[PDB]
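Values in this text are rule-based calculations from the coordinates and carry no lab data. Using ideal geometry, Cβ is built from the backbone for each residue, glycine included, and neighbour counts are taken over all protein chains shown.
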Amino acid sequence: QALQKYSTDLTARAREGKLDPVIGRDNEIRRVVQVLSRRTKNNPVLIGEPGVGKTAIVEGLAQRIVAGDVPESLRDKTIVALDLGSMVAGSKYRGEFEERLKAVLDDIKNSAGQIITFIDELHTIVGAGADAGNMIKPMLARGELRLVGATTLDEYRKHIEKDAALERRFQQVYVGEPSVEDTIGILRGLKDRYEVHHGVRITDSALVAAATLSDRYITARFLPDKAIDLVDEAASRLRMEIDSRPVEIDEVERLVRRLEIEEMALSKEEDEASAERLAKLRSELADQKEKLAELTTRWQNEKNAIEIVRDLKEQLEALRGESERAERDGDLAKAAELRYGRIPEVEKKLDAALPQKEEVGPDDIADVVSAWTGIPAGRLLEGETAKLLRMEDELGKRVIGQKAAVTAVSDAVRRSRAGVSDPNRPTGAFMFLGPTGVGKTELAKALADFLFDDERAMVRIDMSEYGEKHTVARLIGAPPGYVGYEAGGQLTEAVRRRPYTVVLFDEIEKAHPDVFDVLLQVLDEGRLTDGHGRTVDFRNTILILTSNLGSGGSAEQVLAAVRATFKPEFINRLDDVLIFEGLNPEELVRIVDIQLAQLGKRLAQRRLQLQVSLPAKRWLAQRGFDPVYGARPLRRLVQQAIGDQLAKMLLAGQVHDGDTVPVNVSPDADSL
Amino acid sequence: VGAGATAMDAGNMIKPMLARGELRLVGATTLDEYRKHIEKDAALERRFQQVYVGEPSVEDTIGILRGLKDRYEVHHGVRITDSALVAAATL
Amino acid sequence: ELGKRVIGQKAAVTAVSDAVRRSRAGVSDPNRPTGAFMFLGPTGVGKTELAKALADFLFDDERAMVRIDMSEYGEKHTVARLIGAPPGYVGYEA
Ligand SMILES: Nc1ncnc2c1ncn2[C@@H]1O[C@H](COP(=O)(O)OP(=O)(O)OP(O)(O)=S)[C@@H](O)[C@H]1O
Ligand SMILES: Nc1ncnc2c1ncn2[C@@H]1O[C@H](COP(=O)(O)OP(=O)(O)OP(O)(O)=S)[C@@H](O)[C@H]1O
Ligand SMILES: Nc1ncnc2c1ncn2[C@@H]1O[C@H](COP(=O)(O)OP(=O)(O)OP(O)(O)=S)[C@@H](O)[C@H]1O
């Protein structure tokens with residue numbers, strides 16, 4: 001009777017149907033049984049990575065015993081769940097724990113096999129000492145107490161295989177992880193258990209996506225655990241949407257309810273600097289209050305348009321009663337008039353009346369796997385499509401020219417959002433090289449802005465420091481048992497948290513030609529492993545490789561120089577190698593505008609503008625010279641001409657805030 | 001992880017109750033230790049869902065300050081101008 | 001059947017196939033790996049695709065082949081990455 005204090009009853013719990021269904025895994029259950037019912041040393045231990053299903057098999061065996069599908073050698077037997085935790089609770093006196101464990105052991109032995117002790121997490125049995133988990137070695141080798149355990153695959157070799165005197169008494173049962181085709185079946189069986197918990201309904205076209213999708217994105221965790229969670233969270237989110245107002249009607253309202261308070265408290269400031277701040281927040285407040293009511297009206301357009309059709313469905317039901325009564329009265333004329341007329345016509349009408357949010361679908365799964373792990377996998381929800389359609393106009397605001405590159409960098413993004421690219425390869429990995437000062441670094445910074453709205457959220461590594469072959473370990477971590485090892489890589493451990501950034505290998509031709517060979521398998525597979533032995537997936541980034549090879553050759557004095565610097569096995573991995581071209585005098589008059597815009601923006605910190613005249617605005621370009629240093633010298637000329645005397649004046653009085661000074665071309669130089 | 005040791009016995013007594021969702025256990029830990037202590041014990045990490053929290057920008061820090069610009073203004077017997085908030089959030 | 005994923009290179013598909021039946025028939029030597037041979041040739045021919053096709057013919061899941069890339073093991077001290085660490089060092093329980 002000591003077991004009533006230190007153990008619960010798995011089989012009794014399964015009798016009232018308080019466990020979950022168990023599907024598949026016939027070989028494993030049959031092996032567990034046929035090992036559990038032998039003469040001596042009859043005690044299995046399940047094993048395998050955490051998440052694959054190892055307690056579900058014991059629970060399935062319990063349900064199977066309650067059913068009666070096991071042979072006579074096992075029919076009518078109770079499985080007890082031992083608990084080493086609740087036995088060492090109060091045992092401060094020198095024999096309490098030994099006494100308790102002895103009582104439990106003798107009470108199990110006293111039965112005739114009516115009891116099967118099932119320890120979960122049995123790797124905890126090595127402790128309890130202070131001669132503990134050692135008084136069970138006698139009874140184990142004789143098969144008296146049946147033991148059933150479950151420990152993850154890599155604490156076994158850490159807590160048990162140390163004690164081979166013990167792991168001899170145990171029979172191993174390897175539990176391999178399932179595949180998608182059987183995870184589909186497991187989900188199809190489990191659906192109803194969550195359908196009742198969350199008062200919603202779940203589509204099978206969604207149970208398929210919750211497994212096909214969660215196998216190529218969330219690669220850190222194992223099968224089953226990583227496909228049930230999407231379903232559960234999606235159902236919970238849909239229930240939240242059902243109860244209160246839906247999302248995207250909630251975020252806008254919340255943020256407006258804050259902008260209001262902000263502008264209210266900003267209205268009572270006694271300054272002129274805040275006067276332009278109150279005059280900008282007051283515009284976004286209106287811009288957002290517009291969309292709130294627009295989306296609010298769009299909500300009723302669907303809430304009541306479908307709602308009017310509810311009477312017609314009931315009307316369709318009324319038509320079915322009408323056909324019933326037509327056939328009651330012998331009204332053949334109405335029988336078909338309802339069967340082929342009214343009822344089917346109202347049915348086509350009602351099919352047309354269907355607006356679209358009352359059951360999870362193959363898109364809420366994508367929404368959850370996008371909120372988690374950050375990788376965008378959706379359907380281009382009507383706002384992203386318009387923006388993606390004009391990108392070479394959105395990148396053109398920072399880069400000027402280079403349509404050769406902007407028509408290819410922005411190409412591997414569209415055909416990746418449209419669900420067409422290869423599923424296991426980087427979204428794009430191409431190296432573009434050309435003369436200096438053209439913008440080959442500015443493009444990979446203008447692009448990263450277009451996605452995350454932050455030019456610094458990308459992983460940038462400078463490949464001019466890797467001048468020695470031994471400096472590779474900086475980005476791949478150091479092998480175990482060395483100085484810096486519990487720090488991992490630096491390239492690797494930076495992508496394992498946000499697998500969406502755009503990595504940028506800057507100035508690649510300077511690195512010693514073995515960093516190339518390390519890079520060789522990053523392309524074409526998107527995988528590498530740091531010291532700890534963790535594979536990291538690069539199948540979503542955009543690998544970009546700057547360079548300065550050739551340096552002046554037209555096309556065959558550089559394309560014959562990169563061939564003699566890289567190997568074919570490496571050049572073959574990349575996508576098309578882009579060639580940048582120099583700057584014509586025409587396409588510099590716009591860089592002038594961009595530079596002056598940036599300068600004025602930086603001078604907005606003092607409420608200080610400045611006017612510019614087209615003569616000087618084109619004289620700057622006319623002194624944009626020497627198509628051998630690109631568009632860099634213009635950046636020095638601007639601050640030699642304008643900013644120099646502007647700063648010499650700004651600290652000598654005669655210029656203050658709110659002012660404005662126009663530049664005008666003196667016969668040779670610029671005079672304010 | 002290492003609640004009470006001596007040979008692992010404690011700190012995983014809640015590992016069974018976590019799975020059935022008995023307790024809810026919201027917690028917050030830094031980022032360069034979740035892979036130094038927990039990730040090493042992937043049997044337990046499996047029961048945790050991660051909610052990555054990125055750093056905000058200046059435009060949102062300005063709002064956070066504009067909302068928090070009362071507790072300090074009270075604790076110290078002074079007043080604070082919004083220009084100070086903007087200049088601080090920039091510098 | 002290997003001809004469904006790899007094309008040509010019958011000279012290699014034969015010598016790969018004749019290394020599995022020679023172990024099923026209980027004939028090959030019992031003290032040597034069940035077959036250990038090296039591919040080499042020009043790039044982009046299949047020398048990596050054939051290993052994947054073979055590793056799927058036997059398990060029906062391409063991810064079930066232990067795979068290590070020899071492009072990182074550039075120095076002696078990295079050998080300990082595939083053998084563990086000597087007794088009493090930093091990473092020893094791994
Ligand atoms: N064959 C299966 N049939 C039904 N549900 C399953 C099956 N395999 C796994 N599950 C579910 O997936 C989850 C896996 O839970 P467990 O198998 O208990 O985890 P585990 O395999 O014990 O790994 P550890 O070591 O205990 S963390 C649970 O929610 C199970 O209900
Ligand atoms: N085509 C261009 N479009 C826009 N800005 C440009 C262009 N060319 C140069 N610039 C400006 O000059 C700088 C860009 O130079 P970078 O691209 O960083 O140098 P680079 O192109 O990497 O050449 P190297 O080989 O690295 S010195 C920025 O300040 C840009 O504003
Ligand atoms: N003989 C082939 N049959 C089918 N596909 C092939 C063949 N050769 C190459 N491929 C394709 O090319 C890719 C595989 O290239 P591989 O030749 O396996 O690379 P590799 O063998 O490692 O050569 P290197 O020198 O290491 S780059 C896949 O996309 C295949 O579809």
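Odds and ends about this structure:
- Selected residue [away from ligand 2 (no atom under 16 Å from the Cβ), buried (at least 20 other Cβ atoms within 10 Å of the Cβ), more than 19 Å from A:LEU395 (Cα to Cα) and β-branched (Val, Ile, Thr)] from A:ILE508, A:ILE476: A:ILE476
- Inter-residue pairs, beta-carbon under 6 Å, first more than 14 Å from chain B (Cβ to nearest Cβ) and in segment A:633-656, second in a helix (DSSP H, G or I) and away from ligand 1 (no atom under 16 Å from the Cβ), 6+ apart: A:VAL638/A:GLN595; A:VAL655/A:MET649
- Among the residues of segment A:106-139, those identified as touching a strand residue (DSSP E or B) at 6+ places or on another chain (Cβ under 8 Å) and more than 10 Å from chain B (Cβ to nearest Cβ) are A:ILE108, A:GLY113, A:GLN114, A:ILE115, A:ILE116, A:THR117, A:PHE118, A:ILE119, A:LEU122.
- Residue in segment A:555-578 that is crowded, with 19+ Cβ neighbours inside 10 Å, more than 34 Å from the chain's Cα centre (by Cα) and within 16 Å of ligand 2 (Cβ to nearest atom) present: yes
- Single condition A:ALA112 does not satisfy, out of (1) buried (at least 19 other Cβ atoms within 10 Å of the Cβ); (2) in a loop (DSSP other than H, G, I, E, B): (1)
- Subset of segment C:79-94 that is small (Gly, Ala, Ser) and more than 7 Å from chain A (Cβ to nearest Cβ) - its residue that is surrounded by the fewest Cβ atoms within 10 Å (Cβ to Cβ): C:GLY88
- Scanning segment B:69-91 for residues being among the aliphatic types (A, V, I, L, M) and part of a loop (DSSP other than H, G, I, E, B) gives a total of 3.
- 3 or more residues more than 30 Å from A:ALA404 (Cα to Cα), small (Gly, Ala, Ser) and away from chain B (no Cβ under 14 Å): qualifying helices (runs of 4 or more DSSP H) within segment A:305-392: A:305-328, A:332-336
- Residue in segment A:462-503 that is farthest from the other protein chains (Cβ to nearest Cβ), counting only those that are of a type in the set (A, V, I, L, M, F, W, C) and out of contact with any helix residue (DSSP H, G or I) (no Cβ under 9 Å at 6 or more places or on another chain): A:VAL495
- Qualifying residue in segment B:46-68 (condition: within 16 Å of ligand 1 (Cβ to nearest atom) and more than 8 Å from every other protein chain (Cβ to nearest Cβ)): yes
- Looking across segment A:437-448 at every residue that is within 13 Å of ligand 2 (Cβ to nearest atom) and either more than 16 Å from A:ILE400 (Cβ to Cβ) or in a helix (DSSP H, G or I) (or both), the one that is farthest from the other protein chains (Cβ to nearest Cβ) is identified as A:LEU443.
- Counted residues, segment C:21-78 - those being hydrophobic (A, V, I, L, M, F, W, C), within 13 Å of ligand 3 (Cβ to nearest atom), within 29 Å of A:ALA473 (Cα to Cα) and surrounded by 10 or more Cβ atoms within 10 Å (Cβ to Cβ): 2
- Candidates B:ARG66, B:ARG47 - the one that is outside any loop (DSSP other than H, G, I, E, B), surrounded by 11 or more Cβ atoms within 10 Å (Cβ to Cβ) and touching a helix residue (DSSP H, G or I) at 6+ places or on another chain (Cβ under 8 Å): B:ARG66
- Per the conditions (1) in a loop (DSSP other than H, G, I, E, B); (2) over 18 Å from A:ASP422 (Cβ atoms); (3) not β-branched (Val, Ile, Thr), the sole criterion not satisfied by A:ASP524 is (2).
- For segment B:1-22, a residue qualifies if it is within 16 Å of B:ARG46 (Cβ to Cβ) and more than 7 Å from every other protein chain (Cβ to nearest Cβ), and the qualifying residues are B:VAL1, B:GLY11, B:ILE14, B:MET17, B:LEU18, B:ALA19, B:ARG20, B:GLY21.
- So C:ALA15, is it surrounded by fewer than 15 Cβ atoms within 10 Å (Cβ to Cβ) and either part of a helix (DSSP H, G or I) or within 11 Å of chain A (Cβ to nearest Cβ) (or both): yes
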